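Input: a single structure, listed below in structure tokens.
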Amino acid sequence: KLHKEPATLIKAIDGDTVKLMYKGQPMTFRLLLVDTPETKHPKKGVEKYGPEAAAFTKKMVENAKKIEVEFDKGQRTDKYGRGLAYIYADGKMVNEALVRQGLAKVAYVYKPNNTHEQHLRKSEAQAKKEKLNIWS
């Protein structure tokens, strides 16, 4: 069973990345299963809807009382050292909130880190139907 653990915000970095204090250590976290347009893209730079996704993530974590992280059942870090997790702001998953708003797509999935995949894909289908942001 997945479990939520507490964490403390340090800094929001981009739509898809936040730095948190986790078990008393600063760590960078990549949000599992979503791809946001980025402000810090390796090659493109500032993509379309990137500032918007970045502001949404930032506001959501900065205004939270409680941040929780939930790892999935497979690897917990990626090749850059970033934690791979679902992030919750007052009980609300940030990963899902971004997809539901049309500010992220469901990413290419890699088993077994796929526990909330069907849920996110359902939110994404709804955002596409509503033609929100990325889908407008």
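Scope of the values below: all heavy atoms of this structure, side chains included, with no hydrogens, waters or symmetry mates. Nothing fancy with the numbering, it's 1 onward along the sequence.
- Among all heavy-atom pairs drawn from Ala104 and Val34, the shortest one is CB-CB, 4.1 Å.
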*Kindly indicate, with the supporting measurements, whether the criterion side chain to side chain contact (heavy atoms under 4.5 Å, CB included) is fulfilled by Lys92 and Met60.*
CA-CA 9 Å; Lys92 179 97 159 306; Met60 203 172 160; 3.5 Å; yes
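- For the residue pair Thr17 / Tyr80, no side-chain donor-acceptor distance below 3.5 Å is found, with atom types taken as modelled.
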_Go through it in stages, so that I can follow the logic: the residues are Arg100 and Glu96, the test is salt bridge (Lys or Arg N to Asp or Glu O under 4.0 Å), and I'd like the CA-CA distance, side-chain angles, deciding distance and then a yes or no._
CA-CA 6 Å; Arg100 181 56 183 90; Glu96 192 268 345; 5.2 Å; no
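- Ring to ring, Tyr86 and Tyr88 are not that close: their centroids are 6.0 angstrom or more apart.
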*Stepwise, does the side chain to side chain contact (heavy atoms under 4.5 Å, CB included) test hold for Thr8 with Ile67?*
CA-CA 6 Å; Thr8 308; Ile67 293 169; over 6 Å; no
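- A side-chain contact (heavy atoms from CB on, under 4.5 Å) with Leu32 holds for exactly one of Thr115, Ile87, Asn114, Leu84; it is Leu84.
- Nearest heavy-atom pair, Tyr22 versus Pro6, reported as atom, atom and distance to 0.1 Å: CD1-O, 4.0 Å.
- To the nearest 0.5 angstrom, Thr57 atom OG1 is 11.0 Å from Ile13 atom CD1.
- Exactly one residue among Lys58, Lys59, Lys65 makes a salt bridge (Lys or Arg N to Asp or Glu O under 4.0 Å) with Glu62. That residue is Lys58.
- Between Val69 and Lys4 there is no side-chain heavy-atom pair separated by less than 4.5 Å.
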*asked:* Show, in sequence, the C-alpha distance, side-chain angles and deciding distance for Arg121 and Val109, and conclude whether the side chain to side chain contact (heavy atoms under 4.5 Å, CB included) test is met.
replied: CA-CA 11 Å; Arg121 272 194 205 286; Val109 173; 3.8 Å; yes
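- In terms of modelled atom types and a separation under 3.5 Å, the side chain of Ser123 and the main chain of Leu120 share no donor-acceptor contact.
- If you take OG1 on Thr36 and NE2 on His41, they are separated by 10.0 Å, rounding to the nearest 0.5 Å.
- In plain terms, the two heavy atoms of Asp90 and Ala64 that are nearest each other are OD2-CA, 3.2 Å.
- Annotation: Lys128, atom NZ; neighbour count of heavy atoms from other residues, nucleotides and ligands within 6.0 Å is above 12.
- No side-chain donor-acceptor contact under 3.5 Å links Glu124 to the backbone of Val99.
- Taking every heavy atom of both residues into account, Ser136 and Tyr49 meet most closely at OG-OH, 3.2 Å.
- A distance-only check finds no donor-acceptor pair linking the side chain of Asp14 to the backbone of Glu38 [under 3.5 Å].
- No side-chain heavy atom of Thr28 sits under 4.5 Å from any side-chain heavy atom of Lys11.
- Note that CG of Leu31 and CG of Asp16 are 6.5 Å apart. Values are rounded to the nearest 0.5 Å.
- Within the 4.5 Å cutoff, the side chain of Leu2 has heavy atoms near those of the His116 side chain.
- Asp35 contributes no side-chain N or O that, together with a main-chain N or O of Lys105, makes up a donor-acceptor pair within less than 3.5 Å.
- Across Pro112 and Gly74, no two heavy atoms sit closer than the pair CG-CA, 3.8 Å.
- The hydrophobic cluster containing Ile134 does not contain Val46, counting ILVMFWY residues as joined when their side-chain heavy atoms lie under 4.5 angstrom apart, directly or transitively.
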*Could you give me the CA-CA distance, side-chain angles and deciding distance for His3 and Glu70, then say whether side chain to side chain contact (heavy atoms under 4.5 Å, CB included) is met?*
CA-CA 6 Å; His3 2 104; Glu70 182 180 60; over 6 Å; no
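- Among all heavy-atom pairs drawn from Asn113 and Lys73, the shortest one is OD1-N, 3.7 Å.
- Residue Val94 is not grouped with residue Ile10 when hydrophobic side chains (ILVMFWY) are merged at heavy-atom distances under 4.5 angstrom, including chains of intermediate members.
- You'll find the side chain of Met21 reaches within 4.5 Å of the side chain of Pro26, heavy atoms only.
- A salt bridge does not link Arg30 with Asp78: every distance from a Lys NZ or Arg NE/NH1/NH2 to an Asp or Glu carboxylate oxygen is 4.0 Å or more.
- The hydrophobic clustering, which links ILVMFWY residues whose side-chain heavy atoms are closer than 4.5 Å, places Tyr110 and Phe71 apart.
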